[PDB]
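Bear in mind these aren't lab numbers, they're just calculated from the coordinates by the rules spelled out. For neighbour counting, all protein chains shown are included, and Cβ atoms are generated from backbone atoms with ideal geometry for every residue, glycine included.
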Amino acid sequence: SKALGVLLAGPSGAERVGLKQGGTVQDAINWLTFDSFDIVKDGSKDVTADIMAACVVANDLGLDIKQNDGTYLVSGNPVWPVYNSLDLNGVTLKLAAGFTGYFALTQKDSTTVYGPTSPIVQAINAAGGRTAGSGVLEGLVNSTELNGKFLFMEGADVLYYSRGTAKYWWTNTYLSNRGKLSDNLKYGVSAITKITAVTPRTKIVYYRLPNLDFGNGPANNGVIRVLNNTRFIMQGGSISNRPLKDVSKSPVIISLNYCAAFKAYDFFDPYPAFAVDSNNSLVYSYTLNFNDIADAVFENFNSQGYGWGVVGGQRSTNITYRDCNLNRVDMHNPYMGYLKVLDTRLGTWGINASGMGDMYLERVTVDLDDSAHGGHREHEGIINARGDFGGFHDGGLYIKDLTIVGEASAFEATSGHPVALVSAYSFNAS
Amino acid sequence: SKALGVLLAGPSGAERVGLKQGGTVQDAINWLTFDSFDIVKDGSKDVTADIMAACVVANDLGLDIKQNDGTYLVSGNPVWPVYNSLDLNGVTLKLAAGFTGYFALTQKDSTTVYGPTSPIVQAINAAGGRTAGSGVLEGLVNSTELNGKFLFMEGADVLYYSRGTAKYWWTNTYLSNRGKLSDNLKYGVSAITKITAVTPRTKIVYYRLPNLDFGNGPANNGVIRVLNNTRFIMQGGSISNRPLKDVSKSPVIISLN
């Protein structure tokens, strides 16, 4: 009953063919493709569920996904999880008008959360080392539970006010062993309230992003999302057929959350989004948006033109921008450690970042043309602190070889004076 | 009739062999090699025409070429076109004495040229924004034709003289939308006479260059040529057995345009 051809077509078919160098064909091939599941790739059919099935099988088997051609139509709000490498260089995703899903790139089970009643937090709160400039937590000297992990901690002391809401103590750092922290605490804290620990990978994973088609104008809050991930390298990615106007929408492309020790590469956006409201006034929209990251490098990013700032950061540590082409480098919640902008071309927005660290600039060019915007200059200088956080920057600013081009004439017409070099103030002291 | 052995060896094939993780072998392999066309790779035969045929097949199917060993002897002046990634790390090319060909790495219809009589050019020449330090071409504010492209434009005003020949106004920049330029003009121009626009890829291609053997000493004007290309990464490449003297010759290795 079992005849050749029927056996070859089945799962145990590649192990029956031998190679000249040794082994079998099955031994050589160890990855999965979209074509392995017969997914329609001409854009004529919704394949949201088919891609969902493919990712589930790959995660169970722990294999990589490789696909270098085809165009796929997706709709709804799916959540595709990926636990390993993903290569989609050459693939175009055609998003529907109501699409609100996202790829979920995460490092399986790498995160542990400790509450205020955990023994770890109580041991820390009962010992010293919680002063300014401290680099050792004395409660973890004789413990190994948190060894070799990235820590995202929160405290109980109020630091500043934003929009009338109190913000509390926090710190992002790395612990090697016996309580030693890579980055020293800048301010003291009375008690710790929560700890998030992320374990680094034992392997490097590669993400090759596809091309996203925005013809129907989706407005999701992030199409590519990285959560609880370490030791990854992101390359490629682009946007196509972006609409000129985005009335009453706030599109976000890439979002990061609880990531450490990674580097990004040549993402290309032909021009940023231009989102307005019913009164034809600019609203927020980000190409990149991250929260709670540490030890990150961004290289050869391309998003330059009119519109809102394309970068939004919050509560990060040791961020570096090298050889980028962006219209703004921004940080809402203050950073800690250092913030480096090297060999980068900047747009009319400049740099808006409150911080508890040092800012470094080297060989940076700023273009001040803002003709498309009528007025609408939120901060009156080129290098600014956040006016919605009080306008503070508890650190120094060091600039080398800065070049200024343009005039920003549209702002001068409304206000009567040109922009300032450095500005630091608050919109409302209450 | 239609035996299994004959069926397996044809274009039908790996599609009939299944993988343990799912799908077929055909679904996993999506590239081409020089061994796929039985090209002699010991330097004992000229294979200039054989390499040309392989590049034609890959361009039609939109596949990548990958070869990691062998030495090939080439001669003449062929123009091998490549529209996708090319991986020749570990391959040696033996160039004949009179070899004058090159590899052509292109982008497959990414360039548009506008002359002085085109409507786009006349729109720019009728408006302002052509002054020194200008970063916006006011004649393209309401146009979307050149959005998201690299522009290589030329002018009509003489800037300087070299060897008795006048050189004219020029600038290279990028246009995002509604006339905004990434790099400002350093000098004003009375009129613009030609614009070349290049569209960036929606993908990243990789080029891994081979090793070139210059034992016979060819003097062609560029063995690796890149024309009208964007978003690529070039890696590797080397020269071996270069002669110590090159009397009455001027060799060029890599050229970009």
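For A:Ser182 and B:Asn257, what is the calculated FRET efficiency with R₀ set at 56 Å and r taken between the beta-carbons, to the nearest 0.05?
For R0 = 56 Å, the calculated efficiency reads 0.70.
Which of A:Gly13, B:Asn30, B:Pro119 sits farthest toward the positive end of the charge dipole of the protein assembly as shown, with +1 on the Cβ of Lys and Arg and -1 on the Cβ of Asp and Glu?
So the residue we want is A:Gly13.
Considering only the other residues whose Cβ falls under 12 Å of the Cβ of B:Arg130, what net charge follows from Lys and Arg at +1 and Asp and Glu at -1?
It works out to a net charge of -2.
Tell me, what is the percent relative contact order of chain A, built from C-alpha pairs under 8 Å that lie six or more residues apart?
Once divided by the residue count of chain A, the mean separation gives 9 percent.
Treating only the Cβ atoms of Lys and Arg (+1) and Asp and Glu (-1) as charged, compute the dipole magnitude of the protein assembly as shown about its Cα centre; round to the nearest 20 debye.
680 debye
Taking the Cα centre of the stretch B:1-50 as origin, work out the dipole magnitude from +1 charges on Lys and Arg Cβ and -1 charges on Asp and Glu Cβ, in debye rounded to 20.
That gives a dipole near 300 debye.
Could you tell me which residue out of B:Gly135, A:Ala261, A:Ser44 lies farthest along the dipole of the protein assembly as shown toward its positive end? Charges go on the beta carbon: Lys and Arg +1, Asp and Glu -1, centred on the Cα centre.
Towards the positive end, the residue furthest out is A:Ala261.
Quick one: length gained pulling A:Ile233 to A:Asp64 fully straight, 0.36 nm per residue minus the C-alpha distance?
Values: separation 169, 0.36 × 169 = 60.84 nm, distance 1.46 nm.
Gain on extension, A:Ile233 to A:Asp64, equals 59.4 nm.
How do the peptides A:245-257, B:149-161 rank, highest first, by the average count of neighbouring beta carbon atoms within 10 Å per residue?
In decreasing order of mean packing, A:245-257, B:149-161 become A:245-257, B:149-161.
If I take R0 = 60 Å and measure r between the Cβ atoms of A:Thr365 and B:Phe37 in this structure, what FRET efficiency does the formula 1/(1 + (r/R0)^6) give, to the nearest 0.05?
With a Förster radius of 60 Å, E is 0.75.
Using the Cα gyration tensor of chain B, with a ≥ b ≥ c the square roots of its eigenvalues, what is the shape: rounded (a/c below 1.5), prolate (a/b larger than b/c) or oblate (neither)?
Oblate shape, in that a/c is at least 1.5 and b/c is the bigger or equal ratio.
If you take each beta carbon of peptide B:200-209 and count the beta carbons of other chains within 10 angstrom, what is the mean?
5
Distance cut-off 20 Å, Cα to Cα: go down the list A:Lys20/B:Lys94; A:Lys94/A:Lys263; B:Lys41/B:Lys66; A:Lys263/B:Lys149; B:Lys45/B:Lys94; B:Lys20/B:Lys203 and report the pairs above it.
Among A:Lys20/B:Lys94; A:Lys94/A:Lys263; B:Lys41/B:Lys66; A:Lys263/B:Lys149; B:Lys45/B:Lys94; B:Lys20/B:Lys203, the Cα-Cα distance tops 20 Å for A:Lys20/B:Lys94; A:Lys94/A:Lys263; A:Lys263/B:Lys149; B:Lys20/B:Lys203.
Let me confirm one metric for peptide A:11-19, namely the mean number of other chain beta-carbon atoms within 10 Å of its residues' beta-carbons.
Working: counts 5, 3, 8, 9, 3, 1, 4, 0, 0.
That average works out to 4.
Around B:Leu181, which amide H atoms from residues at least 5 apart in sequence, or from another chain, sit under 5 Å from its own amide H, with H modelled in the peptide plane?
B:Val136, B:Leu137
Given the DSSP H assignment, sum -39500 (n - 2.57) over each helix run of at least 4 residues in the protein assembly as shown and divide by its residue total; what's the result at 222 nm in deg cm²/dmol, nearest 500?
Value at 222 nm, helices only, nearest 500: -2500 deg cm²/dmol.
I need the phi-derived Karplus couplings for the stretch A:186-196: 6.51 cos²θ - 1.76 cosθ + 1.60, θ = phi - 60°, integer Hz, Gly and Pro marked x.
Working through the residues one at a time gives 8, 10, x, 9, 6, 7, 8, 10, 7, 10, 10 Hz.
Positive end of the dipole of the stretch A:124-219, charges at C-beta (+1 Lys, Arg; -1 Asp, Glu), about the Cα centre: which of A:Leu146, A:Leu212, A:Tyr168 has its Cα farthest in that direction?
Result: A:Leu212, furthest along the dipole toward the positive end.
Taking the Cα-to-Cβ direction at A:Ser190 and at A:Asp358 and moving 7 Å from each Cα, how far apart do the two end points lie in nm?
Each label point lies 7 Å from its Cα, and together they span 3.3 nm.
Which whole-Hz couplings ³J(HN,Hα) result when phi for each residue of the stretch A:28-34 is put into the Karplus expression 6.51 cos²θ - 1.76 cosθ + 1.60, θ = phi - 60°, listed in order with x for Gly and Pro?
6, 8, 9, 9, 10, 10, 5
Taking the Cα centre of each part, how many Å lie between the stretch A:315-348 and the stretch A:1-34?
50 Å
Please report the net charge: other residues with Cβ closer than 15 Å to the Cβ of B:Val40, K and R +1, D and E -1.
Overall, the nearby charge balance is -3.
Could you sort the peptides B:222-231, A:407-416 by per-residue average Cβ neighbour count (10 Å cutoff), highest mean leading?
Final packing ranking: B:222-231, A:407-416.
Express in whole angstrom the spacing between the alpha-carbon centres of the stretch B:40-114 and the stretch B:219-250.
If we compute the Cα centre of each part, the gap is 14 Å.
So for the pair B:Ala127, A:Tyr168, with labels modelled 7 Å out along Cα→Cβ, what separation do we get in nm?
5.4 nm
With a sphere of radius 12 Å drawn around the Cβ of A:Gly313, what net charge do the other residues whose Cβ falls strictly inside it have (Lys, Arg +1; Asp, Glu -1)?
On the way: positive: A:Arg315, A:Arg328, A:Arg386; negative: A:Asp292, A:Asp330.
Neighbourhood net charge equals +1.
Using a simple charge model, +1 on the beta-carbon of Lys and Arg, -1 on the beta-carbon of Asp and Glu, nothing else, what dipole does the stretch B:46-159 show about its Cα centre, in debye to the nearest 20? Each step should come with its number before you reach the end.
Working: 5 positive and 11 negative charges, 30 e Å.
Dipole of the stretch B:46-159, to the nearest 20 debye: 140 debye.
What relative contact order, as a whole-number percentage, does chain B give when Cα pairs under 8 Å and 6 or more residues apart are counted?
17 percent
Points 7 angstrom from Cα along the Cβ direction at A:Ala49 and A:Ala413: gap in nanometres?
Between A:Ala49 and A:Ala413, the label points sit 5.5 nm apart.
Quick check: from the Cα gyration tensor, does the stretch A:373-430 come out rounded (a/c under 1.5), prolate or oblate?
Working: a/c = 3.02, a/b = 1.14, b/c = 2.65.
Taking the square roots of the gyration eigenvalues as a ≥ b ≥ c, the stretch A:373-430 is oblate.
So for the stretch B:137-237, averaging the separation of alpha carbon pairs under 8 Å that are six or more residues apart and normalising by length, what relative contact order in percent results?
Across the stretch B:137-237, relative contact order equals 28 percent.
Work out the mean other chain Cβ neighbour count within 10 Å for the residues of A:299-310 and drop it here as an integer.
Rounded to a whole number, the mean comes out at 2.
Rounded, prolate or oblate: which fits chain A, taking a ≥ b ≥ c as square roots of the Cα gyration tensor eigenvalues, rounded meaning a/c under 1.5, else prolate when a/b beats b/c? Numbers along the way, then the final one.
Details: a/c = 2.23, a/b = 1.29, b/c = 1.74.
Oblate, since a/c reaches 1.5 and b/c is not below a/b.
Using Cβ counts within 10 Å as a stand-in for footprinting exposure, how do A:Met359, A:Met336 rank, fewest first? The partial results should precede the final answer.
On the way: A:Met359 21, A:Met336 24.
Least crowded to most crowded, the residues run A:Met359, A:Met336.
Roughly what angle does helix A:48-61 make with the longest principal axis of chain A, taking Cα atoms, 0 to 90 degrees, to the nearest 10?
For A:48-61 against chain A, the angle is about 80 degrees.
With a 10 Å radius around each residue's Cβ, average the other Cβ atoms per peptide and rank A:23-29, B:27-33, highest first.
Order by mean packing, descending: B:27-33, A:23-29.
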